[PDB]
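A.B. asks: Here's a structure for you.
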Amino acid sequence: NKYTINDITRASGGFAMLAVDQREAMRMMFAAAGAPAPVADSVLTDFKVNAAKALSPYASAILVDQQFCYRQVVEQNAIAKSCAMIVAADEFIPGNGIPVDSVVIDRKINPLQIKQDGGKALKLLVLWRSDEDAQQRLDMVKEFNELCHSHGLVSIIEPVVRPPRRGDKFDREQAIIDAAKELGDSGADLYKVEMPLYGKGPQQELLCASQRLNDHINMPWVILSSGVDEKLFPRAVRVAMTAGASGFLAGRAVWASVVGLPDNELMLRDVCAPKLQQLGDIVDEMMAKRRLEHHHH
Amino acid sequence: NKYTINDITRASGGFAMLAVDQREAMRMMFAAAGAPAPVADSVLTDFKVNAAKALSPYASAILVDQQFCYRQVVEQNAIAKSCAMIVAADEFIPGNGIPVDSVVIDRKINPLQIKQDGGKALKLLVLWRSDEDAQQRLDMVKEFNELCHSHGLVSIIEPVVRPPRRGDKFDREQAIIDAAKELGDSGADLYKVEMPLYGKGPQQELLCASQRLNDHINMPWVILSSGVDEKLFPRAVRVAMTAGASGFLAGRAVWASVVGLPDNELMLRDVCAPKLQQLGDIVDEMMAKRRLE
Amino acid sequence: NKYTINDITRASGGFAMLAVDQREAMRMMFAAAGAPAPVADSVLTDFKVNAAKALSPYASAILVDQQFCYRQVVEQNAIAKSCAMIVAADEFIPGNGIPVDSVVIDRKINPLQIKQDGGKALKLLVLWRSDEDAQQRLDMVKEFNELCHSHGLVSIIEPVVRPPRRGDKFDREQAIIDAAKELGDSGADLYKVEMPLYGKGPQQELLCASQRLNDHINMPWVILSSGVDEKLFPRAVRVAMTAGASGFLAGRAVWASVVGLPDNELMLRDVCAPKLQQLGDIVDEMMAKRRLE
Amino acid sequence: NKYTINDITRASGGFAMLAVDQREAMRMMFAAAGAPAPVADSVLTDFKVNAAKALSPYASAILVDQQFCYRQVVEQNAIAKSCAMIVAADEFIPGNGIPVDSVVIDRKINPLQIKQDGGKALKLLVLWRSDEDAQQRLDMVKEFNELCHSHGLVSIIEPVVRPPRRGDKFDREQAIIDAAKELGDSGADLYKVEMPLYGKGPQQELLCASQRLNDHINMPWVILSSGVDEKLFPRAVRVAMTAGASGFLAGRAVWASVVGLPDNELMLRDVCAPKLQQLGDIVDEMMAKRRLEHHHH
């Protein structure tokens, strides 16, 4: 049984994916929203399961973590039958005062168990720095692809740009292009990329930046919500999809604003679900317009 | 032709209403979001028409103002045929450094023209202060009811509590109750009330406050979004409707967050519409549960 | 015994005056700085006495209130012998959600007792609004002057501009000029005025505004710190004194930043005193330069 | 001609020192206060010279940098005859998105020229991390001491604690003690230390923390203002001096609040000078009380 990207898309062929696999960064959001410190692991588990129950009916796939919610979402059947389960395969290493300074393949992740539990894909964050070795990132991606493919799971990579370890020469926009030049043809099934310009400013500049990015990615790609205001993300998905993206992966832009509000299950249903549904409707509209365009050729 | 509240409701009998009739308060929002000052009237007109075009398909009624958008929404057919047009009949008088210090019936509002244009209702803000004369507020409401009813328009009143002109003795929560005791049986067809506790805190305290309010209102009522965080408004509508409300009037909680963003028409469609649709679905759910009681 | 302005000045003839007579506005500052609510009267009394003990050695006069600290500063000898005691004679009336909506002469103030206790002056806030009656403000000033003078106390007035009760036509800068045209020759001994432009922007525009103000004040005058950032107040005193002012009255700009910090007496000594001393040195410098003209 | 710490103290024997040697961190403050970007080097030079002219009359020593103001303060005689000139000998290396990720001895610094220009000391920042090699920090301090002492200049070290390169195990308060245990007897003439608890909270806890620090420093020491609110710094100097410190080094706590205000020379005189004078008066008061205490023994 070998899964393809068609097992994690909407019926339109677009991707409408939800990330709830955030770890110490999610603990730090709960503390900054006034939750009593230190914040227990159970606060994250309860949010993650509630988010999966409320939001998986509107997502073509949901991304979860072993550390805080894998066992619970699987045992409580939190994930709607219409939504594919993606499991994070990344181990985040803190350093320099931040939770995710470096990343390796998480060796505690068991692809056999994920496959028997009905999981369809794995995701790997790749931190990209101009002064760190390309060949080590390519080697880690190649090992991860083989881990996925040998179990018939889909391989998803998420290159995220960081400033160099040494020096102050850092253009975020050029880094996103340089990471796509390096990793855009690295043999994964799906590429998750940061939105150019944080989705800000005139639509024309946003489209031109997204088109340059499309030129260096030789697999299906989606935009992350990371660093885009939740109010600009729907337009970023329309622009990215105009330039050749096949949908989105949304995390904070869908669920961050209700962190620390009372009646968590009610807030996920009334505040977060409408945003995730609108992003799904946008993907269906852009894929319909692409079928008319690909038919003109 | 005599309209009733049934002509401004969803098919469920609930109210899912949008307010875009804000005046100098809306100019001040545009300036505080960084629009170049002074902000031209046309910036408000363009927002109001765009909001009517984008959002009226999801509203059982939309509330508009003569000052900035009535002529444009009517002439450009901005309002969906499934959405009733409500026209503001209030003249806001600035004072003490705020745009709405006092309010009178706007004598430039022409109910005959509104009725010929397909309008179904008028709305009147009533500022309520403990140390201002109850009898003057009742007299203004009674004149407004007769202005509506004589043209076959629905009469909507919106009591808003303010601190007293003199003294520092002001409990907002008690003021909302005292305004309902005074105006809750004043012969209007619909009562628009401020949400107790700004929709904050434990759901049980919010329901108990909303039930005390329901006890003093003897007409159909809806909650305003005013002073409720857009993230707490959907729960406030669930709680208010549990306590006897028949729906909502939403303004800033639906459209304020996109003020000053680029691609206005795109932002109203992608950010504001999903919030207004979810509030509509909540009203249909609460009305369905009320029918099964 | 008849006191003159010469009994509330530094040896230079300039005024270096401290206001600690703030009332409910000071309670609201304590609550907004995180003090446990409701804030007890004794929190204000303790701050006011501590500020008088720490800061009166650097002031030519200190302004205190009956409501929170008069009895304590007098009985504990909190005020340095080199500092004149000025007592507030104003009763603040709350309204429209603010602590000082209107002001009258405080009839509980006993000028005989103040004079026996070594007090040298009284101060009266006058709220100025374009659409309120000039003649009532002049009448209140004239009664206050006679109350002071009949006891041999110095008479200090503090006109503060507010927006009109009705309308949105309000230019703060023009209001300060119009209040000086009305009250600048009203027979008080000292005029306390708000700084033009909140002491912001290029020094030349600030001087030109301060010279226009000097043209409409026909008694010695000082600038209030009210609405000027504590970092811009020393320049405002230099500019106002260039334009004809004789010094300053400082409140929040001297003591506000330590509200809610621990070790109150230490913070008043180490943070607030150096600011008050620098303002005193500026007044001595400007008065010296005026004598050499 | 061999200078001692007595050449950089007030007449009381206490230290009342002003730092204006900030580099890219000072450019970033000007940009965040609304100065038109990119901020020219001349904006920093003009601030630094104006600060030296206005504030050196109230300081026992002023710390300046070659990069932005050394030549100008020396040629314009900006530094009052009563104030010793200290020159920074540190080269800041940016990395990980911050201006000062690592530090080495600045080889462009010419101690002979500094000594001929009337300079009395050099200062070296030492970044301290639990998972970086102690022996490399000690080696750099020993080389710097010999560079100073061979020219008859005073040697000043400034250990500043940072989180580890790897891991999330970081107690700032314990790091300040561990840095003093390592470097507190490293043969410099003066130790500049960060204030425990950022000078916050009850005076008794602040004194106990400062006493523990005094136990691990075997040379004269002063507190930095870095991370202490300008409103808490005077109390921090009283507490640190109660626990055995001999004064202060103030930077942002003296001059930061006037960055971007108009009439720079007027603001330095009326806002910044009174704060620096009060800190000087506190040092004189604490040294007088120490002469009575050292006389009881």
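Labeling convention for the structure tokens: chains A, B, ... as they appear, residues from 1 per chain, ligands from 1 in order of appearance.
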Extract the full set of helix (DSSP H, G or I) residues from segment 64-249 of chain C according to DSSP on the backbone, and format it as a VMD selection string.
C.D. replies: chain C and resid 70 to 75 111 to 116 134 to 150 172 to 183 196 to 199 203 to 214 233 to 242
A.B. asks: Could you list, as a VMD selection string, every residue within 12 Å of segment 167-180 of chain C, counting only C-alpha atoms and ignoring same-chain residues fewer than 4 positions away?
C.D. replies: (chain B and resid 24 92 to 102) or (chain C and resid 126 to 134 137 to 138 157 to 163 184 to 186 191 to 199 206 209 to 219 221 223 227)
A.B. asks: Quick one: everything within 9 Å of residue 277 of chain A, counting only C-alpha atoms, minus sequence neighbours fewer than 6 positions away in the same chain. Send it as a ChimeraX atom specification.
C.D. replies: /A:16,55,58-59 /B:274
A.B. asks: What would the file look like if the residues just selected were written as an mmCIF file, in the first residue's frame with N, CA, C and O atoms?
C.D. replies:
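The file below, again03.cif, is the result:
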```cif
data_model
loop_
_atom_site.group_PDB
_atom_site.id
_atom_site.type_symbol
_atom_site.label_atom_id
_atom_site.label_comp_id
_atom_site.auth_asym_id
_atom_site.auth_seq_id
_atom_site.Cartn_x
_atom_site.Cartn_y
_atom_site.Cartn_z
ATOM 1 N N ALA A 16 -5.388 21.628 1.536
ATOM 2 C CA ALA A 16 -5.995 22.481 2.587
ATOM 3 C C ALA A 16 -5.639 21.890 3.952
ATOM 4 O O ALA A 16 -6.452 21.165 4.533
ATOM 5 N N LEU A 55 -11.548 20.931 13.887
ATOM 6 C CA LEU A 55 -11.044 21.534 12.620
ATOM 7 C C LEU A 55 -10.749 20.470 11.550
ATOM 8 O O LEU A 55 -10.817 20.832 10.382
ATOM 9 N N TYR A 58 -12.646 20.145 8.287
ATOM 10 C CA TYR A 58 -12.508 21.185 7.230
ATOM 11 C C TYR A 58 -11.125 21.124 6.591
ATOM 12 O O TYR A 58 -10.866 22.013 5.801
ATOM 13 N N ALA A 59 -10.301 20.118 6.898
ATOM 14 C CA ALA A 59 -8.900 20.056 6.438
ATOM 15 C C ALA A 59 -8.726 18.810 5.575
ATOM 16 O O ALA A 59 -9.382 17.799 5.908
ATOM 17 N N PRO B 274 -16.741 35.368 6.256
ATOM 18 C CA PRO B 274 -16.811 34.145 7.049
ATOM 19 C C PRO B 274 -17.313 34.382 8.482
ATOM 20 O O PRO B 274 -17.986 33.520 9.006
#
```
A.B. asks: Kindly determine which residues of chain C lie within 7 Å of chain D, considering only C-alpha atoms, and give the answer as a ChimeraX atom specification.
C.D. replies: /C:231,234,270-271,274-275,278
A.B. asks: Just to be explicit: take each residue in the selection above, keep N, CA and C atoms, and write the result as a compact mmCIF listing (two decimals), in the first residue's frame.
C.D. replies:
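Written file, again.txt:
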```txt
# COMPACT_ATOMS: atom_id res chain seq x y z
N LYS C 231 10.57 64.34 29.50
CA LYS C 231 11.86 64.55 28.77
C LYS C 231 11.86 65.88 28.00
N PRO C 234 12.00 70.25 30.49
CA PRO C 234 13.07 71.21 30.74
C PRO C 234 13.22 72.19 29.56
N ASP C 270 16.05 59.54 44.36
CA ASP C 270 17.08 59.18 43.34
C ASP C 270 16.57 59.46 41.92
N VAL C 271 15.26 59.34 41.68
CA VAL C 271 14.67 59.52 40.33
C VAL C 271 14.02 60.92 40.25
N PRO C 274 16.38 64.65 41.22
CA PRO C 274 17.27 65.20 40.21
C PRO C 274 16.53 65.97 39.10
N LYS C 275 15.33 65.55 38.73
CA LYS C 275 14.52 66.26 37.70
C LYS C 275 14.08 67.62 38.25
N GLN C 278 17.06 70.04 38.42
CA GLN C 278 17.48 70.54 37.09
C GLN C 278 16.53 71.67 36.65
```
A.B. asks: Work out how far atom CA of residue 3 of chain D is from atom CA of residue 157 of chain D, in Å to one decimal.
C.D. replies: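 For atom CA of residue 157 of chain D relative to atom CA of residue 3 of chain D, the distance reads 16.2 Å.
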A.B. asks: Between A:198, A:30, A:92, A:255, which is the closest to chain D once you count only C-alpha atoms?
C.D. replies: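 Using only C-alpha atoms, chain D sits closest to A:92.
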A.B. asks: Using only C-alpha atoms and a distance of at most 10 Å, pull out the residues of chain A that contact chain D, as a PyMOL selection string.
C.D. replies: chain A and resi 93-102+129+162-170
A.B. asks: Please write the residues from the selection above to a file, keeping C-alpha atoms, as a PDB file, in the first residue's frame.
C.D. replies:
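New file out.pdb:
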```pdb
ATOM      1  CA  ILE A  93      16.959  21.110  19.282  1.00  0.00           C
ATOM      2  CA  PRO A  94      16.833  24.346  21.346  1.00  0.00           C
ATOM      3  CA  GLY A  95      19.798  26.725  21.470  1.00  0.00           C
ATOM      4  CA  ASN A  96      20.728  30.441  21.518  1.00  0.00           C
ATOM      5  CA  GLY A  97      17.615  31.107  23.639  1.00  0.00           C
ATOM      6  CA  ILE A  98      15.038  29.749  21.078  1.00  0.00           C
ATOM      7  CA  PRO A  99      13.190  26.398  21.010  1.00  0.00           C
ATOM      8  CA  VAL A 100      14.235  25.434  17.403  1.00  0.00           C
ATOM      9  CA  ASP A 101      17.906  26.323  16.783  1.00  0.00           C
ATOM     10  CA  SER A 102      18.682  23.068  14.841  1.00  0.00           C
ATOM     11  CA  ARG A 129      21.351  29.045   6.633  1.00  0.00           C
ATOM     12  CA  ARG A 162      17.319  31.655   9.243  1.00  0.00           C
ATOM     13  CA  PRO A 163      20.084  34.279   9.443  1.00  0.00           C
ATOM     14  CA  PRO A 164      23.673  32.971   9.095  1.00  0.00           C
ATOM     15  CA  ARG A 165      25.546  31.637  12.224  1.00  0.00           C
ATOM     16  CA  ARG A 166      28.219  34.300  11.510  1.00  0.00           C
ATOM     17  CA  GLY A 167      27.799  37.730   9.827  1.00  0.00           C
ATOM     18  CA  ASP A 168      24.844  40.130   9.331  1.00  0.00           C
ATOM     19  CA  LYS A 169      24.371  39.589   5.526  1.00  0.00           C
ATOM     20  CA  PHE A 170      20.719  38.288   5.443  1.00  0.00           C
TER      21      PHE A 170
END
```
A.B. asks: Just checking: using only C-alpha atoms, which residue out of A:17, A:143, A:70, A:293 ends up closest to residue 225 of chain A?
C.D. replies: A:17
